[PDB]
Structures are given as structure tokens and as C-alpha cells.
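Source file data_30.pdb; content: PDB, C-alpha atoms and all ligand atoms.
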```
ATOM      1  CA  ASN T   2      13.561  15.570  24.111
ATOM      2  CA  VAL T   3      12.424  18.172  21.565
ATOM      3  CA  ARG T   4      14.742  17.060  18.778
ATOM      4  CA  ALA T   5      13.239  15.422  15.715
ATOM      5  CA  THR T   6      13.241  11.778  14.778
ATOM      6  CA  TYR T   7      14.952  11.329  11.400
ATOM      7  CA  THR T   8      14.052   8.177   9.467
ATOM      8  CA  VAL T   9      16.347   7.441   6.571
ATOM      9  CA  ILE T  10      14.043   5.468   4.307
ATOM     10  CA  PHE T  11      16.805   4.911   1.766
ATOM     11  CA  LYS T  12      20.084   6.448   0.740
ATOM     12  CA  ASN T  13      21.150   4.560  -2.325
ATOM     13  CA  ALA T  14      18.439   2.197  -3.421
ATOM     14  CA  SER T  15      19.157  -1.333  -4.638
ATOM     15  CA  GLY T  16      15.562  -2.433  -4.064
ATOM     16  CA  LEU T  17      12.642  -1.400  -1.884
ATOM     17  CA  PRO T  18      13.669  -0.212   1.560
ATOM     18  CA  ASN T  19      13.510  -2.914   4.327
ATOM     19  CA  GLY T  20      10.214  -2.438   6.146
ATOM     20  CA  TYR T  21       8.368  -1.062   3.077
ATOM     21  CA  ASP T  22       6.165  -2.644   0.398
ATOM     22  CA  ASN T  23       5.220  -0.957  -2.895
ATOM     23  CA  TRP T  24       1.500  -0.278  -3.233
ATOM     24  CA  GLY T  25       2.150   1.667  -6.431
ATOM     25  CA  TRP T  26       0.349   1.445  -9.710
ATOM     26  CA  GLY T  27       0.955   2.016 -13.398
ATOM     27  CA  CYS T  28       4.753   1.857 -13.385
ATOM     28  CA  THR T  29       7.814  -0.272 -13.215
ATOM     29  CA  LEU T  30      10.754   0.355 -10.857
ATOM     30  CA  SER T  31      14.396  -0.188 -11.529
ATOM     31  CA  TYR T  32      17.465   0.448  -9.428
ATOM     32  CA  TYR T  33      20.715   1.772 -10.876
ATOM     33  CA  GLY T  34      23.443   4.023  -9.522
ATOM     34  CA  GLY T  35      21.743   4.068  -6.150
ATOM     35  CA  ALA T  36      18.573   5.657  -7.620
ATOM     36  CA  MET T  37      15.070   4.291  -7.480
ATOM     37  CA  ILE T  38      13.964   4.854 -11.057
ATOM     38  CA  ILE T  39      10.206   5.052 -11.705
ATOM     39  CA  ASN T  40       9.115   4.316 -15.276
ATOM     40  CA  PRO T  41       5.421   5.286 -15.405
ATOM     41  CA  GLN T  42       3.154   3.939 -18.093
ATOM     42  CA  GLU T  43       1.725   6.459 -20.551
ATOM     43  CA  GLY T  44      -1.864   7.347 -19.579
ATOM     44  CA  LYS T  45      -1.852   5.592 -16.179
ATOM     45  CA  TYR T  46      -0.765   8.539 -13.978
ATOM     46  CA  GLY T  47       1.376   5.928 -12.287
ATOM     47  CA  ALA T  48       3.255   6.143  -9.014
ATOM     48  CA  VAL T  49       5.440   4.430  -6.504
ATOM     49  CA  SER T  50       3.656   4.182  -3.174
ATOM     50  CA  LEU T  51       6.008   3.203  -0.377
ATOM     51  CA  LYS T  52       3.934   1.531   2.302
ATOM     52  CA  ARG T  53       5.480   1.262   5.773
ATOM     53  CA  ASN T  54       4.592  -2.270   6.787
ATOM     54  CA  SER T  55       4.508  -1.643  10.529
ATOM     55  CA  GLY T  56       3.851   1.784  12.019
ATOM     56  CA  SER T  57       3.324   5.280  10.715
ATOM     57  CA  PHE T  58       4.717   8.766  10.405
ATOM     58  CA  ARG T  59       3.169  11.954  11.742
ATOM     59  CA  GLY T  60       3.525  15.421  10.265
ATOM     60  CA  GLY T  61       7.047  16.735   9.985
ATOM     61  CA  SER T  62       8.851  16.934   6.654
ATOM     62  CA  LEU T  63      10.044  14.806   3.771
ATOM     63  CA  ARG T  64      13.499  15.213   2.261
ATOM     64  CA  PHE T  65      14.723  13.599  -0.973
ATOM     65  CA  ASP T  66      16.858  14.085  -4.028
ATOM     66  CA  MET T  67      14.990  13.924  -7.288
ATOM     67  CA  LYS T  68      15.372  14.464 -10.987
ATOM     68  CA  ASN T  69      12.395  14.110 -13.226
ATOM     69  CA  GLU T  70      11.399  14.647 -16.859
ATOM     70  CA  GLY T  71       7.907  15.876 -15.906
ATOM     71  CA  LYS T  72       5.893  17.219 -13.004
ATOM     72  CA  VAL T  73       5.847  14.890  -9.978
ATOM     73  CA  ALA T  74       3.124  14.926  -7.380
ATOM     74  CA  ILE T  75       4.224  14.045  -3.857
ATOM     75  CA  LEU T  76       1.408  12.577  -1.723
ATOM     76  CA  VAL T  77       1.032  10.819   1.590
ATOM     77  CA  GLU T  78      -1.784   8.513   2.583
ATOM     78  CA  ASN T  79      -3.317   6.934   5.659
ATOM     79  CA  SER T  80      -4.194   3.417   4.613
ATOM     80  CA  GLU T  81      -6.594   2.726   7.491
ATOM     81  CA  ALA T  82      -8.730   5.749   6.700
ATOM     82  CA  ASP T  83      -8.001   5.552   2.952
ATOM     83  CA  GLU T  84      -7.209   9.255   3.044
ATOM     84  CA  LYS T  85      -4.686  10.963   0.739
ATOM     85  CA  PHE T  86      -2.963  14.332   0.979
ATOM     86  CA  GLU T  87      -1.077  16.286  -1.690
ATOM     87  CA  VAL T  88       2.146  17.587  -0.279
ATOM     88  CA  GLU T  89       3.548  19.347  -3.347
ATOM     89  CA  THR T  90       3.849  19.121  -7.146
ATOM     90  CA  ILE T  91       7.441  19.533  -8.330
ATOM     91  CA  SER T  92       8.410  20.850 -11.745
ATOM     92  CA  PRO T  93      10.837  19.029 -14.098
ATOM     93  CA  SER T  94      14.579  19.075 -13.556
ATOM     94  CA  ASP T  95      17.314  17.387 -15.577
ATOM     95  CA  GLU T  96      19.612  17.363 -12.552
ATOM     96  CA  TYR T  97      19.085  16.129  -9.005
ATOM     97  CA  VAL T  98      17.650  18.720  -6.657
ATOM     98  CA  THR T  99      17.263  18.290  -2.883
ATOM     99  CA  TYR T 100      13.707  18.970  -1.664
ATOM    100  CA  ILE T 101      12.642  19.378   1.952
ATOM    101  CA  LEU T 102       8.889  19.654   2.210
ATOM    102  CA  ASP T 103       6.601  20.192   5.156
ATOM    103  CA  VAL T 104       3.846  17.626   5.518
ATOM    104  CA  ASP T 105       0.888  19.417   7.084
ATOM    105  CA  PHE T 106      -1.496  16.456   6.949
ATOM    106  CA  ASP T 107      -3.047  15.901  10.373
ATOM    107  CA  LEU T 108      -3.567  12.119  10.257
ATOM    108  CA  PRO T 109      -0.666   9.708  10.563
ATOM    109  CA  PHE T 110       0.622   8.455   7.210
ATOM    110  CA  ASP T 111       1.957   5.074   6.196
ATOM    111  CA  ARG T 112       2.147   5.581   2.394
ATOM    112  CA  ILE T 113       4.468   8.004   0.573
ATOM    113  CA  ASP T 114       3.682   8.447  -3.138
ATOM    114  CA  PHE T 115       5.657   9.849  -6.059
ATOM    115  CA  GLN T 116       3.281  10.184  -8.994
ATOM    116  CA  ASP T 117       3.591  10.944 -12.682
ATOM    117  CA  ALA T 118       1.166  13.889 -12.563
ATOM    118  CA  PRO T 119       0.964  14.582 -16.333
ATOM    119  CA  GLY T 120       0.402  10.929 -17.176
ATOM    120  CA  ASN T 121       2.878  11.193 -20.084
ATOM    121  CA  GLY T 122       5.329   8.506 -18.936
ATOM    122  CA  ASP T 123       8.047  10.884 -17.793
ATOM    123  CA  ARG T 124      10.698   9.102 -15.696
ATOM    124  CA  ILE T 125      11.527   9.919 -12.089
ATOM    125  CA  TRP T 126      14.763   9.252 -10.171
ATOM    126  CA  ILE T 127      14.807   9.357  -6.350
ATOM    127  CA  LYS T 128      17.651   9.056  -3.809
ATOM    128  CA  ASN T 129      18.187   9.928  -0.199
ATOM    129  CA  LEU T 130      14.644   9.832   1.097
ATOM    130  CA  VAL T 131      14.274  10.859   4.735
ATOM    131  CA  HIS T 132      11.353  11.700   7.022
ATOM    132  CA  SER T 133      11.802  14.102   9.940
ATOM    133  CA  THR T 134       9.208  14.653  12.649
ATOM    134  CA  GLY T 135      10.321  18.280  12.659
ATOM    135  CA  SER T 136       9.741  21.096  10.211
ATOM    136  CA  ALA T 137      11.542  21.710   6.983
ATOM    137  CA  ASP T 138      12.967  24.917   8.452
ATOM    138  CA  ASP T 139      14.497  22.996  11.311
ATOM    139  CA  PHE T 140      15.785  20.080   9.162
ATOM    140  CA  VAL T 141      19.440  19.181   9.434
ATOM    141  CA  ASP T 142      20.333  16.738   6.752
ATOM    142  CA  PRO T 143      21.412  13.305   8.124
TER     143      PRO T 143
HETATM  144  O1  LIG T 201      -1.336  -5.281  -3.018
HETATM  145  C1  LIG T 201      -1.018  -4.614  -1.823
HETATM  146  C2  LIG T 201      -2.282  -4.146  -1.113
HETATM  147  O2  LIG T 201      -3.028  -3.315  -1.975
HETATM  148  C3  LIG T 201      -4.148  -2.718  -1.386
HETATM  149  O3  LIG T 201      -4.780  -1.918  -2.357
HETATM  150  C4  LIG T 201      -4.166  -0.641  -2.579
HETATM  151  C5  LIG T 201      -3.372  -0.665  -3.878
HETATM  152  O4  LIG T 201      -2.216  -1.521  -3.780
HETATM  153  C6  LIG T 201      -2.931   0.720  -4.316
HETATM  154  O5  LIG T 201      -2.299   0.659  -5.592
HETATM  155  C7  LIG T 201      -4.093   1.669  -4.303
HETATM  156  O6  LIG T 201      -3.548   2.966  -4.475
HETATM  157  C8  LIG T 201      -4.455   3.980  -4.918
HETATM  158  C9  LIG T 201      -4.251   5.234  -4.076
HETATM  159  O7  LIG T 201      -4.599   4.931  -2.726
HETATM  160  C10 LIG T 201      -5.039   6.407  -4.631
HETATM  161  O8  LIG T 201      -4.765   7.601  -3.901
HETATM  162  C11 LIG T 201      -4.671   6.550  -6.105
HETATM  163  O9  LIG T 201      -5.400   7.619  -6.645
HETATM  164  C12 LIG T 201      -4.880   8.110  -7.880
HETATM  165  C13 LIG T 201      -5.705   7.609  -9.089
HETATM  166  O10 LIG T 201      -5.522   6.244  -9.302
HETATM  167  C14 LIG T 201      -5.321   8.388 -10.334
HETATM  168  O11 LIG T 201      -6.230   8.091 -11.418
HETATM  169  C15 LIG T 201      -5.315   9.884 -10.095
HETATM  170  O12 LIG T 201      -4.767  10.514 -11.232
HETATM  171  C16 LIG T 201      -5.403  11.740 -11.536
HETATM  172  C17 LIG T 201      -4.643  12.907 -10.948
HETATM  173  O13 LIG T 201      -4.797  12.977  -9.537
HETATM  174  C18 LIG T 201      -5.062  14.233 -11.571
HETATM  175  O14 LIG T 201      -4.151  15.227 -11.166
HETATM  176  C19 LIG T 201      -5.015  14.093 -13.088
HETATM  177  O15 LIG T 201      -5.593  15.279 -13.639
HETATM  178  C20 LIG T 201      -5.292  15.508 -15.011
HETATM  179  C21 LIG T 201      -6.644  15.714 -15.712
HETATM  180  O16 LIG T 201      -7.410  14.530 -15.763
HETATM  181  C22 LIG T 201      -6.500  16.201 -17.164
HETATM  182  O17 LIG T 201      -7.789  16.525 -17.722
HETATM  183  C23 LIG T 201      -5.588  17.395 -17.048
HETATM  184  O18 LIG T 201      -6.189  18.567 -16.588
HETATM  185  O19 LIG T 201      -4.283  17.078 -16.539
HETATM  186  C24 LIG T 201      -4.416  16.763 -15.154
HETATM  187  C25 LIG T 201      -3.062  16.566 -14.484
HETATM  188  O20 LIG T 201      -2.358  15.716 -15.353
HETATM  189  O21 LIG T 201      -5.886  13.085 -13.454
HETATM  190  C26 LIG T 201      -5.441  11.809 -13.059
HETATM  191  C27 LIG T 201      -6.404  10.811 -13.652
HETATM  192  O22 LIG T 201      -7.641  11.033 -13.048
HETATM  193  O23 LIG T 201      -4.465  10.174  -8.999
HETATM  194  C28 LIG T 201      -4.936   9.626  -7.780
HETATM  195  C29 LIG T 201      -4.092  10.234  -6.681
HETATM  196  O24 LIG T 201      -2.782   9.746  -6.696
HETATM  197  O25 LIG T 201      -4.977   5.393  -6.800
HETATM  198  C30 LIG T 201      -4.193   4.301  -6.392
HETATM  199  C31 LIG T 201      -4.402   3.129  -7.323
HETATM  200  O26 LIG T 201      -5.742   2.698  -7.252
HETATM  201  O27 LIG T 201      -4.705   1.670  -3.032
HETATM  202  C32 LIG T 201      -5.262   0.394  -2.692
HETATM  203  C33 LIG T 201      -5.984   0.554  -1.355
HETATM  204  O28 LIG T 201      -7.179   1.281  -1.526
HETATM  205  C34 LIG T 201      -5.126  -3.792  -0.898
HETATM  206  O29 LIG T 201      -6.220  -3.134  -0.276
HETATM  207  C35 LIG T 201      -4.422  -4.759   0.035
HETATM  208  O30 LIG T 201      -5.287  -5.838   0.327
HETATM  209  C36 LIG T 201      -3.159  -5.295  -0.612
HETATM  210  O31 LIG T 201      -2.417  -6.058   0.322
END
```

Could you show the structure in this file as C-alpha cells?
Amino acid sequence: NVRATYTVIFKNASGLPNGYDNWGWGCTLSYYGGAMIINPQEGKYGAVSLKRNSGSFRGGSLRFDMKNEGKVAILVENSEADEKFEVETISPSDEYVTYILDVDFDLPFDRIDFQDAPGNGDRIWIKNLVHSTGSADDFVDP
């Protein structure tokens, strides 16, 4: 079977996704309108860090809808190795945009981070977060 595995982490969020803890820092999270809303603290470069409690992801791509007042760094991490990887930094947008990003990290990852890169407290809204084991080019949106 050469088709990808698509993991819908959350569609509309009314809390953390079942199977995930938050190992984030320097922010508060709220949930409204199906969005996970990150409110980072000024000067903390805060982030949500969704930690898959059991198991890991490998390579593939990350898909999500986001709007954001400031630049957002997308990272993944391997908690066993304590190794992080910067996937992309996304510029501000006042409207939701769908991103599909290749993850070229070559260790498995069990943490997915959305970070307030400028450290200015700019808010971030996320919906419809999905991992695919396949490439962004080959992604068909579940
Ligand atoms: O309780 C559950 C569980 O916890 C376990 O411990 C976890 C913990 O929960 C978790 O929060 C912690 O997470 C780490 C994470 O692993 C690291 O990757 C992350 O690293 C951050 C760092 O904290 C930030 O300071 C840094 O911010 C940088 C930024 O990267 C850089 O771009 C920015 O540059 C500025 C520059 O300084 C200016 O001069 C200018 O040029 O502008 C630029 C851009 O604005 O500077 C920032 C400040 O330096 O980012 C990195 C990367 O994200 O840190 C977090 C928090 O510590 O991980 C631990 C595990 O190790 C327990 O172990 C377990 O028992 C328990 O159950």
C-alpha cells in the first residue's frame, strides 16, 4: 500500500486533541469558533507544543489553516532525543490560509510546535491540523 496515512489531529478544536498533551510554554490557549487560539506572552517567544502521548510521526507533511497577527514558526521535535527542527516560518495573515508543508526532518517526531517567533504577543488561530506520511505535492485534503 503506497498511499499515505492521514492523521486528522483536529478539525474544530474545543480543547486539546484526544491523545495529545500540551508541552507549550509562554502562552495561554483558548477555544472559540472551532479554532485553537494561542495568546503568547510578550517577550516569552511562546508556543503551543502538541505532544503525541503514544507514538510518533515520520516525515511527510503538515496541513493546517492558520491566521496570525505576526510571524509563526512551525517546528517539530523528537522528545526522546530532545531534537528540534524548523519546518517553516509563516508571515502574518488577517484571514485563514491553508498551509501544506513538507517535513524533511529525518527522526520521528512526537511534538508539533506553533511559536510566536517575534516574541511580541501576536495571536495565532489554528484549525484543521492534519499530518500526512506523504509529500505536500501528493496531499489530498481529508
Ligand atoms: O510538563 C510536561 C513535560 O514537560 C517536559 O519538559 C518539556 C517542557 O514541557 C517544554 O515546554 C519544553 O519545551 C522546550 C522546547 O523543547 C524547546 O525547543 C524550546 O526552545 C525555544 C526557546 O525556549 C525559546 O527561547 C527560543 O526562542 C528564540 C527563537 O528561537 C529565536 O528565533 C528568537 O530570535 C530573536 C532574537 O533573539 C532577536 O535578537 C531578534 O533577532 O529576533 C529574533 C526572532 O524574533 O529568539 C528567541 C529567544 O531566544 O525558541 C526555542 C525554539 O522553539 O523551549 C521550550 C521551553 O523550554 O521541553 C521540555 C523538555 O525538554 C518534562 O521533561 C516532562 O517531565 C513533563 O512531563

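Checking T:75, T:130, T:37, T:63 one by one against ligand LIG 201 (chain T), counting only C-alpha atoms and all ligand atoms, you find the shortest gap at T:75.
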
What does the list of residues within 10 Å of ligand LIG 201 (chain T) look like if you count all atoms listed in the file, written as an MDAnalysis selection string?
chainID T and resid 22:27 44:50 52 72:87 90 112 114:121

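Running the PyMOL selection byres (((chain T and resi 133-137) around 10) and not hetatm) on this file leaves residues 3, 4, 5, 6, 7, 8, 9, 58, 59, 60, 61, 62, 63, 64, 100, 101, 102, 103, 104, 105, 131, 132, 138, 139, 140, 141, 142 and 143 of chain T selected.
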
Restricted to C-alpha atoms, what would the selected residues look like written as a short mmCIF file (atom, residue, chain, number, x, y, z; two decimals), keeping the file's coordinate frame?
```cif
data_model
loop_
_atom_site.label_atom_id
_atom_site.label_comp_id
_atom_site.auth_asym_id
_atom_site.auth_seq_id
_atom_site.Cartn_x
_atom_site.Cartn_y
_atom_site.Cartn_z
CA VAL T 3 12.42 18.17 21.56
CA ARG T 4 14.74 17.06 18.78
CA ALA T 5 13.24 15.42 15.72
CA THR T 6 13.24 11.78 14.78
CA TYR T 7 14.95 11.33 11.40
CA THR T 8 14.05 8.18 9.47
CA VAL T 9 16.35 7.44 6.57
CA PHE T 58 4.72 8.77 10.40
CA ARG T 59 3.17 11.95 11.74
CA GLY T 60 3.52 15.42 10.26
CA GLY T 61 7.05 16.74 9.98
CA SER T 62 8.85 16.93 6.65
CA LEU T 63 10.04 14.81 3.77
CA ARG T 64 13.50 15.21 2.26
CA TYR T 100 13.71 18.97 -1.66
CA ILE T 101 12.64 19.38 1.95
CA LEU T 102 8.89 19.65 2.21
CA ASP T 103 6.60 20.19 5.16
CA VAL T 104 3.85 17.63 5.52
CA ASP T 105 0.89 19.42 7.08
CA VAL T 131 14.27 10.86 4.74
CA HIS T 132 11.35 11.70 7.02
CA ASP T 138 12.97 24.92 8.45
CA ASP T 139 14.50 23.00 11.31
CA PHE T 140 15.78 20.08 9.16
CA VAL T 141 19.44 19.18 9.43
CA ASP T 142 20.33 16.74 6.75
CA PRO T 143 21.41 13.30 8.12
#
```

Which protein, DNA or RNA residues are at most 12 Å from (13.7, 9.1, -15.9) in the file's coordinates when you count all atoms listed in the file, listed as a VMD selection string?
chain T and resid 28 to 33 36 to 42 67 to 73 93 to 97 117 121 to 127

Counting all atoms listed in the file, the residue of T:12, T:128, T:2, T:113 that sits nearest residue 51 in chain T
T:113

Each side padded by 8 Å, which centre and which edge lengths in Å (one decimal) define the axis-aligned box around the listed atoms of range 31-42 of chain T? Give them as AutoDock Vina command-line options.
```
--center_x 13.3 --center_y 2.7 --center_z -12.1 --size_x 36.3 --size_y 21.8 --size_z 27.9
```

Which is closer to residue 14 in chain T than all the others in T:129, T:91, T:99, T:109, using all atoms listed in the file?
T:129

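Put simply, CA of residue 53 in chain T is 26.4 Å away from CA of residue 92 in chain T.
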
Could you spell out the hits of the PyMOL selection byres (((chain T and resi 20) around 8) and not hetatm) on the shown file, as a PyMOL selection string?
chain T and resi 18-19+21-22+53-55

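The gap separating CA of residue 10 in chain T from CA of residue 106 in chain T is 19.2 Å, in Å to one decimal.
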
Could you please fill out range 52-71 of chain T with N, CA, C and O atoms and send it back as a PDB file, in the frame of the given file?
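Output file out.pdb is given in full below:
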```pdb
ATOM      1  N   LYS T  52       4.812   1.850   1.208  1.00  0.00           N
ATOM      2  CA  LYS T  52       3.934   1.531   2.302  1.00  0.00           C
ATOM      3  C   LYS T  52       4.771   1.015   3.455  1.00  0.00           C
ATOM      4  O   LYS T  52       5.370  -0.059   3.338  1.00  0.00           O
ATOM      5  N   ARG T  53       4.765   1.728   4.582  1.00  0.00           N
ATOM      6  CA  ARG T  53       5.480   1.262   5.773  1.00  0.00           C
ATOM      7  C   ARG T  53       4.685   0.110   6.359  1.00  0.00           C
ATOM      8  O   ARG T  53       3.519   0.278   6.730  1.00  0.00           O
ATOM      9  N   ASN T  54       5.308  -1.073   6.423  1.00  0.00           N
ATOM     10  CA  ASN T  54       4.592  -2.270   6.787  1.00  0.00           C
ATOM     11  C   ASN T  54       4.098  -2.266   8.216  1.00  0.00           C
ATOM     12  O   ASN T  54       2.990  -2.737   8.485  1.00  0.00           O
ATOM     13  N   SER T  55       4.879  -1.689   9.120  1.00  0.00           N
ATOM     14  CA  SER T  55       4.508  -1.643  10.529  1.00  0.00           C
ATOM     15  C   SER T  55       4.772  -0.227  11.018  1.00  0.00           C
ATOM     16  O   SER T  55       5.920   0.245  10.910  1.00  0.00           O
ATOM     17  N   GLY T  56       3.736   0.446  11.501  1.00  0.00           N
ATOM     18  CA  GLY T  56       3.851   1.784  12.019  1.00  0.00           C
ATOM     19  C   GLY T  56       3.563   2.876  11.002  1.00  0.00           C
ATOM     20  O   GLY T  56       3.233   2.637   9.850  1.00  0.00           O
ATOM     21  N   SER T  57       3.709   4.102  11.469  1.00  0.00           N
ATOM     22  CA  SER T  57       3.324   5.280  10.715  1.00  0.00           C
ATOM     23  C   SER T  57       4.234   6.423  11.042  1.00  0.00           C
ATOM     24  O   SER T  57       5.046   6.364  11.996  1.00  0.00           O
ATOM     25  N   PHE T  58       4.122   7.441  10.193  1.00  0.00           N
ATOM     26  CA  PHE T  58       4.717   8.766  10.405  1.00  0.00           C
ATOM     27  C   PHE T  58       3.672   9.780  10.758  1.00  0.00           C
ATOM     28  O   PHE T  58       2.492   9.617  10.427  1.00  0.00           O
ATOM     29  N   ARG T  59       4.085  10.858  11.406  1.00  0.00           N
ATOM     30  CA  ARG T  59       3.169  11.954  11.742  1.00  0.00           C
ATOM     31  C   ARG T  59       3.820  13.266  11.389  1.00  0.00           C
ATOM     32  O   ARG T  59       4.916  13.579  11.852  1.00  0.00           O
ATOM     33  N   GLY T  60       3.121  14.047  10.578  1.00  0.00           N
ATOM     34  CA  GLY T  60       3.525  15.421  10.265  1.00  0.00           C
ATOM     35  C   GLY T  60       4.953  15.539   9.816  1.00  0.00           C
ATOM     36  O   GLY T  60       5.432  14.687   9.030  1.00  0.00           O
ATOM     37  N   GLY T  61       5.647  16.568  10.267  1.00  0.00           N
ATOM     38  CA  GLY T  61       7.047  16.735   9.985  1.00  0.00           C
ATOM     39  C   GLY T  61       7.329  17.118   8.541  1.00  0.00           C
ATOM     40  O   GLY T  61       6.622  17.976   7.951  1.00  0.00           O
ATOM     41  N   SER T  62       8.356  16.540   7.960  1.00  0.00           N
ATOM     42  CA  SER T  62       8.851  16.934   6.654  1.00  0.00           C
ATOM     43  C   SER T  62       9.445  15.744   5.957  1.00  0.00           C
ATOM     44  O   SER T  62       9.902  14.790   6.601  1.00  0.00           O
ATOM     45  N   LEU T  63       9.448  15.802   4.633  1.00  0.00           N
ATOM     46  CA  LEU T  63      10.044  14.806   3.771  1.00  0.00           C
ATOM     47  C   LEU T  63      11.171  15.433   2.980  1.00  0.00           C
ATOM     48  O   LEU T  63      11.015  16.480   2.388  1.00  0.00           O
ATOM     49  N   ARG T  64      12.316  14.787   2.949  1.00  0.00           N
ATOM     50  CA  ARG T  64      13.499  15.213   2.261  1.00  0.00           C
ATOM     51  C   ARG T  64      13.914  14.162   1.253  1.00  0.00           C
ATOM     52  O   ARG T  64      13.880  12.973   1.562  1.00  0.00           O
ATOM     53  N   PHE T  65      14.295  14.557   0.054  1.00  0.00           N
ATOM     54  CA  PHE T  65      14.723  13.599  -0.973  1.00  0.00           C
ATOM     55  C   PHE T  65      15.464  14.332  -2.047  1.00  0.00           C
ATOM     56  O   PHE T  65      15.257  15.546  -2.226  1.00  0.00           O
ATOM     57  N   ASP T  66      16.288  13.619  -2.800  1.00  0.00           N
ATOM     58  CA  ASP T  66      16.858  14.085  -4.028  1.00  0.00           C
ATOM     59  C   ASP T  66      16.081  13.552  -5.179  1.00  0.00           C
ATOM     60  O   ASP T  66      15.793  12.349  -5.232  1.00  0.00           O
ATOM     61  N   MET T  67      15.727  14.370  -6.140  1.00  0.00           N
ATOM     62  CA  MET T  67      14.990  13.924  -7.288  1.00  0.00           C
ATOM     63  C   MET T  67      15.384  14.633  -8.544  1.00  0.00           C
ATOM     64  O   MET T  67      15.655  15.844  -8.532  1.00  0.00           O
ATOM     65  N   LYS T  68      15.398  13.904  -9.634  1.00  0.00           N
ATOM     66  CA  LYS T  68      15.372  14.464 -10.987  1.00  0.00           C
ATOM     67  C   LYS T  68      14.226  13.822 -11.724  1.00  0.00           C
ATOM     68  O   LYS T  68      13.791  12.726 -11.349  1.00  0.00           O
ATOM     69  N   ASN T  69      13.705  14.461 -12.739  1.00  0.00           N
ATOM     70  CA  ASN T  69      12.395  14.110 -13.226  1.00  0.00           C
ATOM     71  C   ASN T  69      12.136  14.824 -14.540  1.00  0.00           C
ATOM     72  O   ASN T  69      12.298  16.041 -14.620  1.00  0.00           O
ATOM     73  N   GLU T  70      11.674  14.098 -15.533  1.00  0.00           N
ATOM     74  CA  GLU T  70      11.399  14.647 -16.859  1.00  0.00           C
ATOM     75  C   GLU T  70      10.117  15.442 -16.910  1.00  0.00           C
ATOM     76  O   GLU T  70       9.950  16.277 -17.807  1.00  0.00           O
ATOM     77  N   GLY T  71       9.200  15.187 -15.975  1.00  0.00           N
ATOM     78  CA  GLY T  71       7.907  15.876 -15.906  1.00  0.00           C
ATOM     79  C   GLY T  71       7.537  16.273 -14.505  1.00  0.00           C
ATOM     80  O   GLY T  71       8.255  15.963 -13.550  1.00  0.00           O
TER      81      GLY T  71
END
```
